[PDB]
Amino acid sequence: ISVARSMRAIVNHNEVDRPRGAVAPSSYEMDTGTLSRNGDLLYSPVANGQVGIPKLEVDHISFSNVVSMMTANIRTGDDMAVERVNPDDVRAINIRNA
Amino acid sequence: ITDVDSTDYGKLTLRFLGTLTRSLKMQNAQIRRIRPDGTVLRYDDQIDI
Amino acid sequence: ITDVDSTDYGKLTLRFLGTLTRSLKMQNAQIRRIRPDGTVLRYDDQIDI
Amino acid sequence: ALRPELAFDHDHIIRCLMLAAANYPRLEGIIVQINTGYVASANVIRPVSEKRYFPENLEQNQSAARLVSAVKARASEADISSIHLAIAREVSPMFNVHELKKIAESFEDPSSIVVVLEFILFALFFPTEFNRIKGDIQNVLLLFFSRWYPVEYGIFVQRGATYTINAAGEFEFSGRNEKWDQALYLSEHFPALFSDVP
Amino acid sequence: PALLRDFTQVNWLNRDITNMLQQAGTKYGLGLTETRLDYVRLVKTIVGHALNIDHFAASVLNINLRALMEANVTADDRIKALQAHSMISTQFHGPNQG
Amino acid sequence: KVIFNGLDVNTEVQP
Amino acid sequence: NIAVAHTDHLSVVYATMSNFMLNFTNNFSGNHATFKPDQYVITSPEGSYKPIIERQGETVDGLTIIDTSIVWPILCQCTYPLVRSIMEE
Amino acid sequence: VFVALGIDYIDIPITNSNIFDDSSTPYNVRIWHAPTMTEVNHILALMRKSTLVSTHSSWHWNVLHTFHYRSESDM
Amino acid sequence: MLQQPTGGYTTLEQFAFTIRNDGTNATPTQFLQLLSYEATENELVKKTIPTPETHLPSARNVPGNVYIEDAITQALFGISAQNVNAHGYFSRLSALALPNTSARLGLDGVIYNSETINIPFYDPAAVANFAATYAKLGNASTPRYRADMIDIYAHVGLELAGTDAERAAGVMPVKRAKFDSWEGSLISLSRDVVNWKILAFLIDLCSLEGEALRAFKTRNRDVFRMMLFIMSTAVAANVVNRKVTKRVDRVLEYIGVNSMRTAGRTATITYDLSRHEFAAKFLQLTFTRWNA
């Protein structure tokens, strides 16, 4: 049971240095890593010259992640204005040969 | 503090894009002629004032 | 569960259509031309979009 | 006779003007507002209620109808502020690049020469501003030439819609037809209608 | 959890957490990791923030922002639809929002 | 008709 | 009918306005074939880049778009002190 | 005529050889503005993305032309 | 400024190219080993690749620092990129073409208009050699300068599937690639490749000369083959899987044949027509440098 468990017994014992059965959070909960140029999340590389492991490649949960977000300067879905300009003559309008 | 109207300073006031805000940071900045490519040219007393 | 958003013209067209969808099977349903002879053709890379 | 005040600091005022022109959108219209005020104070041009677009009695004439509607579609009502602004724009510095207020003219009817004339006059009264927007007016002129002079248009455009002056000042036409955008005004490219190269 | 470091009274937890963060292979961070100014306007647009969030949602949200950013169509492309729905040789103008 | 230096907008396009 | 009012009066207004303190740029050299404005930027090694002349589309000021039809009222809906009892200071 | 009209192609109807029959033509010949070999390659590639078209190994007036058929049988 | 070694920038561990595979950071060569090819009746013969145009497209007056590597890699391997020729910022590479230009190409894959602090950048001579060729991506859309997008893929096949004898011959049977496969293997492959810093590869490719160049061409053959592989899957007519006794073999038909397809599919990245023209151009230039 408790496959969902991340931490246990956040107290300290007064005799032994850590409580029996106390569990620390996994390192992956804390590796924000990077947004890869592709847009996939990655864990930080474990060594120099190594690319990081993609976060969805493996089963650990990561709880800090880079999310791209658009700012105030962007806006999407706003209606936009235009100047329509009808042709001067209906008979001047070629339909073909295009 | 010095009673200047700094409104719209460092800003674009485009009719459709709305107002937009460029960075005001520009330490050690110089006035320099650019190539049409957009790259900066080294200062030349022969042409630049 | 998912009650879809609909613009008023969409509600209008929806009631115009405007009911059953239950009959057709969709198990691996595809869009494919029949021959007038009635046979279901394979997807032609140089005809069908 | 000495005046007890500091010297006008040219080297600094020009610098601050550049920093302002970089950072302050208002600057253009500040400077314009002086020039515009001056035009107004020279009392050089005033609107009248009496329009004079057509000879008597061409407006009455039924054959002139298409022409008259062409002129009326171009000819704006006079307003002192707008006129003064044009005369002032001629001398005021430009920071944000100007654009033409696009015409949609197809140049089928002969009367459409009106639009070409609208530009010629503009190139005369306001050569500076004209030069600022001339690629954008070349896009209208091209629709004019391809109808009125299709053969010559083909030869011209075959040479190239733009060119770039290089070292030693020779022109180098693109060989490629392509619509102008005011994005090109700050680039090396020139509208080729104005090359004046035979 | 990475935030608890040197704030939790619980010693072993702070020790285990510090131990994970002091590994080369993992590194927490919270905030504005990335910025992307427009090429013409010189204003910022798409900024990447290191949120405290599960990697699945970050993955989805990034998939969305990526679809919208990488498509390279703009509001001006709407004009192409209006031309389809208006008479041949009708002209449309402005505002080049980009 | 009247001089107007801005773009003379008339329609809107929804997304 | 209108030319003397331009050449023999308005031109002088241009010549003076040209020497005004704030008209600091070289707008045109009279040669359409070759003239290209001088282009400056504020710029730093820290990476700031501020063009003086930018292409930004229509702005709130309204100075950016140009209605060339302004030519018409001038030619055929304007009086001038030289053109138009006809004495006028 | 391609530059002066601004069009990328012109759709010329074919002629029946026997001037008497007024029957609808099986197909027609599009003519493309492709002066270079490269422009030709591109038009050919795009042509292979669309229904019922064919072309000769080489073309007259050195100008690219494509036949467009009104049906499979005509092709 | 980053110094360029006697070998390429690619010799630096900073620029390692490595697809994810079996849970590890595999080299491209050890992925390509998994690949196997069924022959079909059709034959690919490689035509001469036309010399790339003399023209360098204008680097239009752009105030901004263009993110070029992102634009290129997404145009080639990007899962969602489209209308890649609408913006046309590829032309910006020609800002780097000039002698003694102020502009710098950062390792970040960004083209700064002027050198700026705390941003490492490639040696300007190298970038100039690189821009003198790859700025021509900027004219991938212009009708006069478009690359053939059909015949060029023959080279791709020869450079990927081709056995050394088939490569010497200049003619190989059209092949059908296959490999033991995990779910979403080609998507993941392509995304591992979008993250590659390929300007390092292209820059060493254009700057290096003599034996030092040839020593590069052998060392990075597999990398170039991985890029070619992702493009191949992008243009493959179909990409099936096969059950093979509780194992799965992904199979693409066919290597070296561009199907001109543009409708999207879950299995692999798709080229819009713009991405086709671009990729064709990219191959024109790159294969031109690769065979000299």
# chains A, B, ... in the order shown; residues from 1 in each chain; ligands from 1
>>> calpha_fit_rmsd(fixed="chain C", moving="chain B")
5.9 Å
>>> residues_around(residues="residue 6 (chain G)", least_positions_apart="5", cutoff="10 Å", atoms="only C-alpha atoms", output="ChimeraX atom specification")
/D:44-45,125 /G:11-13,80,82-83
>>> select_by_dssp(residues="region 34-267 of chain I", states="helix (DSSP H, G or I)", output="ChimeraX atom specification")
/I:68-77,84-87,89-95,124-139,143-145,153-160,164-169,185-194,198-207,211-219,221-235
>>> residues_around(residues="residue 171 (chain D)", least_positions_apart="6", cutoff="12 Å", atoms="only C-alpha atoms", output="list in words")
residues 159, 160, 162, 163, 164, 165, 188, 189, 190, 191, 192, 194, 195, 196, 197 and 198 of chain D; 33 and 34 of chain G
>>> interface_residues(of="chain F", to="chain E", cutoff="12 Å", atoms="only C-alpha atoms", output="ChimeraX atom specification")
/F:6-15
>>> write_last_selection(atoms="N, CA, C and O atoms", output="PDB file, in the first residue's frame")
ATOM      1  N   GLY F   6      -4.214  58.122 -40.201  1.00  0.00           N
ATOM      2  CA  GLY F   6      -4.255  56.747 -39.726  1.00  0.00           C
ATOM      3  C   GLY F   6      -4.823  55.794 -40.767  1.00  0.00           C
ATOM      4  O   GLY F   6      -5.361  56.232 -41.777  1.00  0.00           O
ATOM      5  N   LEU F   7      -4.661  54.491 -40.546  1.00  0.00           N
ATOM      6  CA  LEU F   7      -5.356  53.492 -41.349  1.00  0.00           C
ATOM      7  C   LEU F   7      -6.857  53.597 -41.072  1.00  0.00           C
ATOM      8  O   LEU F   7      -7.275  53.591 -39.915  1.00  0.00           O
ATOM      9  N   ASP F   8      -7.669  53.636 -42.127  1.00  0.00           N
ATOM     10  CA  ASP F   8      -9.104  53.885 -41.969  1.00  0.00           C
ATOM     11  C   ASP F   8      -9.878  52.585 -41.794  1.00  0.00           C
ATOM     12  O   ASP F   8     -10.565  52.121 -42.703  1.00  0.00           O
ATOM     13  N   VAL F   9      -9.758  52.012 -40.607  1.00  0.00           N
ATOM     14  CA  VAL F   9     -10.344  50.719 -40.284  1.00  0.00           C
ATOM     15  C   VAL F   9     -11.874  50.710 -40.359  1.00  0.00           C
ATOM     16  O   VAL F   9     -12.524  51.676 -39.962  1.00  0.00           O
ATOM     17  N   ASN F  10     -12.451  49.623 -40.870  1.00  0.00           N
ATOM     18  CA  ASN F  10     -13.907  49.490 -40.850  1.00  0.00           C
ATOM     19  C   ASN F  10     -14.440  48.164 -40.310  1.00  0.00           C
ATOM     20  O   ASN F  10     -15.368  48.156 -39.502  1.00  0.00           O
ATOM     21  N   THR F  11     -13.877  47.043 -40.746  1.00  0.00           N
ATOM     22  CA  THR F  11     -14.358  45.757 -40.226  1.00  0.00           C
ATOM     23  C   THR F  11     -13.501  45.187 -39.096  1.00  0.00           C
ATOM     24  O   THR F  11     -12.409  45.690 -38.810  1.00  0.00           O
ATOM     25  N   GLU F  12     -14.032  44.163 -38.431  1.00  0.00           N
ATOM     26  CA  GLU F  12     -13.260  43.370 -37.479  1.00  0.00           C
ATOM     27  C   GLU F  12     -13.186  41.927 -37.953  1.00  0.00           C
ATOM     28  O   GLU F  12     -14.084  41.450 -38.643  1.00  0.00           O
ATOM     29  N   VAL F  13     -12.110  41.235 -37.602  1.00  0.00           N
ATOM     30  CA  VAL F  13     -12.061  39.789 -37.794  1.00  0.00           C
ATOM     31  C   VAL F  13     -11.886  39.081 -36.463  1.00  0.00           C
ATOM     32  O   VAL F  13     -10.887  39.275 -35.772  1.00  0.00           O
ATOM     33  N   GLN F  14     -12.858  38.255 -36.106  1.00  0.00           N
ATOM     34  CA  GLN F  14     -12.731  37.430 -34.919  1.00  0.00           C
ATOM     35  C   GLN F  14     -11.722  36.326 -35.219  1.00  0.00           C
ATOM     36  O   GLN F  14     -11.469  36.019 -36.383  1.00  0.00           O
ATOM     37  N   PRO F  15     -11.113  35.750 -34.172  1.00  0.00           N
ATOM     38  CA  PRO F  15     -10.182  34.638 -34.385  1.00  0.00           C
ATOM     39  C   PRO F  15     -10.878  33.461 -35.038  1.00  0.00           C
ATOM     40  O   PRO F  15     -12.051  33.216 -34.770  1.00  0.00           O
TER      41      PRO F  15
END
>>> interface_residues(of="chain I", to="chain C", cutoff="12 Å", atoms="only C-alpha atoms", output="list in words")
residues 237, 238, 259, 260, 261, 262 and 263 of chain I
>>> interface_residues(of="chain G", to="chain D", cutoff="8 Å", atoms="only C-alpha atoms", output="count of residues only")
49
>>> interface_residues(of="chain I", to="chain E", cutoff="12 Å", atoms="only C-alpha atoms", output="MDAnalysis selection string")
chainID I and resid 60:68 70:75 78:89 92 110:113 271:272 274:275
>>> residues_around(residues="residue 29 (chain H)", least_positions_apart="2", cutoff="6 Å", atoms="only C-alpha atoms", output="ChimeraX atom specification")
/H:11-12,66-67
>>> write_last_selection(atoms="C-alpha atoms", output="CSV table (one decimal), in the first residue's frame")
chain,number,residue,atom,x,y,z
H,11,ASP,CA,-5.4,27.4,-68.6
H,12,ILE,CA,-5.7,27.1,-72.4
H,66,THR,CA,0.6,20.3,-67.9
H,67,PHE,CA,-2.5,18.5,-69.1
>>> interface_residues(of="chain D", to="chain A", cutoff="10 Å", atoms="only C-alpha atoms", output="count of residues only")
9
>>> atom_distance(atom1="CA of residue 49 (chain E)", atom2="CA of residue 24 (chain E)")
21.7 Å
>>> residues_around(residues="region 13-19 of chain I", least_positions_apart="2", cutoff="7 Å", atoms="only C-alpha atoms", output="PyMOL selection string")
(chain A and resi 49) or (chain I and resi 10-11+21+25-28+189+192-193+196-197)
>>> residues_around(residues="residue 19 (chain E)", least_positions_apart="3", cutoff="12 Å", atoms="only C-alpha atoms", output="PyMOL selection string")
(chain A and resi 24-27+30) or (chain E and resi 2+5-6+11-16+22-27)
>>> write_last_selection(atoms="C-alpha atoms", output="PDB file, in the first residue's frame")
ATOM      1  CA  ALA A  24      13.179  11.673   2.441  1.00  0.00           C
ATOM      2  CA  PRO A  25      11.589  13.093  -0.752  1.00  0.00           C
ATOM      3  CA  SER A  26      13.122  11.780  -4.016  1.00  0.00           C
ATOM      4  CA  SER A  27      15.687  13.967  -5.787  1.00  0.00           C
ATOM      5  CA  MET A  30      13.367  18.785  -6.872  1.00  0.00           C
TER       6      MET A  30
ATOM      7  CA  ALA E   2      13.465  21.791  -1.834  1.00  0.00           C
ATOM      8  CA  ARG E   5      16.027  23.308   3.203  1.00  0.00           C
ATOM      9  CA  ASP E   6      17.426  25.256   6.154  1.00  0.00           C
ATOM     10  CA  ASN E  11      17.249  17.711  11.112  1.00  0.00           C
ATOM     11  CA  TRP E  12      17.468  14.524   9.116  1.00  0.00           C
ATOM     12  CA  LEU E  13      15.090  15.943   6.543  1.00  0.00           C
ATOM     13  CA  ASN E  14      17.134  19.084   6.070  1.00  0.00           C
ATOM     14  CA  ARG E  15      20.253  16.907   5.899  1.00  0.00           C
ATOM     15  CA  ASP E  16      18.793  14.584   3.260  1.00  0.00           C
ATOM     16  CA  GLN E  22      24.310  19.385  -3.252  1.00  0.00           C
ATOM     17  CA  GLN E  23      24.526  16.571  -5.782  1.00  0.00           C
ATOM     18  CA  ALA E  24      25.667  17.639  -9.250  1.00  0.00           C
ATOM     19  CA  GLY E  25      22.785  15.751 -10.844  1.00  0.00           C
ATOM     20  CA  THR E  26      19.973  17.860  -9.393  1.00  0.00           C
ATOM     21  CA  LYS E  27      19.367  21.547  -8.890  1.00  0.00           C
TER      22      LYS E  27
END
>>> residues_around(residues="residue 42 (chain A)", least_positions_apart="3", cutoff="10 Å", atoms="only C-alpha atoms", output="PyMOL selection string")
(chain A and resi 31-36+39+45+51-57+62+65-66) or (chain E and resi 55)
>>> write_last_selection(atoms="N, CA and C atoms", output="mmCIF file, in the first residue's frame")
data_model
loop_
_atom_site.group_PDB
_atom_site.id
_atom_site.type_symbol
_atom_site.label_atom_id
_atom_site.label_comp_id
_atom_site.auth_asym_id
_atom_site.auth_seq_id
_atom_site.Cartn_x
_atom_site.Cartn_y
_atom_site.Cartn_z
ATOM 1 N N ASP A 31 14.410 18.416 -9.093
ATOM 2 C CA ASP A 31 15.261 18.816 -10.234
ATOM 3 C C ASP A 31 14.444 19.574 -11.270
ATOM 4 N N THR A 32 14.443 20.904 -11.213
ATOM 5 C CA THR A 32 13.678 21.670 -12.186
ATOM 6 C C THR A 32 14.225 21.430 -13.578
ATOM 7 N N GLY A 33 15.539 21.305 -13.672
ATOM 8 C CA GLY A 33 16.164 21.034 -14.949
ATOM 9 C C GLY A 33 15.896 22.134 -15.935
ATOM 10 N N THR A 34 15.442 21.757 -17.122
ATOM 11 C CA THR A 34 15.370 22.711 -18.219
ATOM 12 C C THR A 34 14.255 22.413 -19.196
ATOM 13 N N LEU A 35 13.820 23.452 -19.885
ATOM 14 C CA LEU A 35 12.997 23.245 -21.046
ATOM 15 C C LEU A 35 13.960 23.080 -22.206
ATOM 16 N N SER A 36 13.931 21.900 -22.809
ATOM 17 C CA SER A 36 14.715 21.602 -23.990
ATOM 18 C C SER A 36 14.172 22.453 -25.125
ATOM 19 N N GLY A 39 10.849 21.741 -26.353
ATOM 20 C CA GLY A 39 9.717 22.035 -25.495
ATOM 21 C C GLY A 39 9.431 20.933 -24.492
ATOM 22 N N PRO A 45 21.479 17.405 -16.194
ATOM 23 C CA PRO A 45 22.442 16.355 -16.556
ATOM 24 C C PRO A 45 23.226 15.888 -15.341
ATOM 25 N N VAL A 51 23.503 15.294 -22.047
ATOM 26 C CA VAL A 51 22.194 15.923 -22.089
ATOM 27 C C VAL A 51 21.405 15.367 -20.907
ATOM 28 N N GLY A 52 20.431 16.123 -20.413
ATOM 29 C CA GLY A 52 19.577 15.633 -19.344
ATOM 30 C C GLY A 52 18.546 14.613 -19.795
ATOM 31 N N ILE A 53 18.136 13.748 -18.875
ATOM 32 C CA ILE A 53 17.071 12.782 -19.135
ATOM 33 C C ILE A 53 15.727 13.491 -19.284
ATOM 34 N N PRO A 54 14.992 13.207 -20.365
ATOM 35 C CA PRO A 54 13.648 13.786 -20.438
ATOM 36 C C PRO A 54 12.777 13.316 -19.284
ATOM 37 N N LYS A 55 11.966 14.216 -18.747
ATOM 38 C CA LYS A 55 11.159 13.896 -17.580
ATOM 39 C C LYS A 55 10.072 12.864 -17.819
ATOM 40 N N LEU A 56 9.531 12.823 -19.035
ATOM 41 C CA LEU A 56 8.471 11.864 -19.352
ATOM 42 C C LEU A 56 9.018 10.501 -19.762
ATOM 43 N N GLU A 57 10.325 10.419 -19.999
ATOM 44 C CA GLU A 57 10.956 9.140 -20.318
ATOM 45 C C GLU A 57 10.876 8.161 -19.131
ATOM 46 N N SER A 62 8.299 14.815 -11.020
ATOM 47 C CA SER A 62 9.070 16.022 -10.775
ATOM 48 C C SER A 62 8.106 17.144 -10.448
ATOM 49 N N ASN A 65 9.048 22.472 -12.489
ATOM 50 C CA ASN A 65 9.224 22.347 -13.918
ATOM 51 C C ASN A 65 9.133 23.710 -14.551
ATOM 52 N N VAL A 66 9.909 23.927 -15.610
ATOM 53 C CA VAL A 66 9.760 25.144 -16.403
ATOM 54 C C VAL A 66 8.510 25.094 -17.283
ATOM 55 N N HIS E 55 5.308 17.522 -13.692
ATOM 56 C CA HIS E 55 5.853 17.573 -15.055
ATOM 57 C C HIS E 55 4.842 17.239 -16.141
#
>>> atom_distance(atom1="CA of residue 247 (chain I)", atom2="CA of residue 173 (chain I)")
27.2 Å
>>> interface_residues(of="chain I", to="chain G", cutoff="8 Å", atoms="only C-alpha atoms", output="JSON, numbers by chain")
{"I": [63, 114, 115, 116, 117]}
>>> write_last_selection(atoms="N, CA, C and O atoms", output="mmCIF file, in the first residue's frame")
data_model
loop_
_atom_site.group_PDB
_atom_site.id
_atom_site.type_symbol
_atom_site.label_atom_id
_atom_site.label_comp_id
_atom_site.auth_asym_id
_atom_site.auth_seq_id
_atom_site.Cartn_x
_atom_site.Cartn_y
_atom_site.Cartn_z
ATOM 1 N N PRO I 63 16.681 44.768 -35.651
ATOM 2 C CA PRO I 63 17.179 45.164 -34.328
ATOM 3 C C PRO I 63 17.448 43.973 -33.392
ATOM 4 O O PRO I 63 18.340 44.021 -32.545
ATOM 5 N N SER I 114 25.750 42.764 -32.142
ATOM 6 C CA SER I 114 27.062 43.217 -31.719
ATOM 7 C C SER I 114 27.561 42.310 -30.609
ATOM 8 O O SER I 114 26.763 41.679 -29.919
ATOM 9 N N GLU I 115 28.879 42.227 -30.451
ATOM 10 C CA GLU I 115 29.463 41.408 -29.396
ATOM 11 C C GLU I 115 28.983 41.947 -28.056
ATOM 12 O O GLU I 115 28.982 43.154 -27.831
ATOM 13 N N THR I 116 28.574 41.051 -27.168
ATOM 14 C CA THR I 116 28.069 41.461 -25.863
ATOM 15 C C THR I 116 28.648 40.577 -24.767
ATOM 16 O O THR I 116 29.047 39.438 -25.019
ATOM 17 N N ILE I 117 28.700 41.109 -23.552
ATOM 18 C CA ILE I 117 29.426 40.466 -22.465
ATOM 19 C C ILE I 117 28.784 39.172 -21.984
ATOM 20 O O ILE I 117 27.565 39.017 -22.026
#
>>> select_by_dssp(residues="chain H", states="strand (DSSP E or B)", output="list in words")
residues 9, 10, 11, 12, 13, 27, 28, 29, 30, 31, 32, 53, 54, 65, 66, 67, 68 and 69 of chain H
>>> closest_atom_pairs(of="chain A", to="chain B", cutoff="10 Å", atoms="only C-alpha atoms", output="Markdown table")
| residue | atom | partner | partner_atom | distance |
| --- | --- | --- | --- | --- |
| A:72 | CA | B:20 | CA | 8.8 |
| A:73 | CA | B:20 | CA | 6.7 |
| A:74 | CA | B:17 | CA | 8.9 |
| A:75 | CA | B:17 | CA | 9.3 |
| A:80 | CA | B:16 | CA | 8.3 |
| A:81 | CA | B:16 | CA | 8.4 |
>>> interface_residues(of="chain H", to="chain D", cutoff="10 Å", atoms="only C-alpha atoms", output="ChimeraX atom specification")
/H:1-6
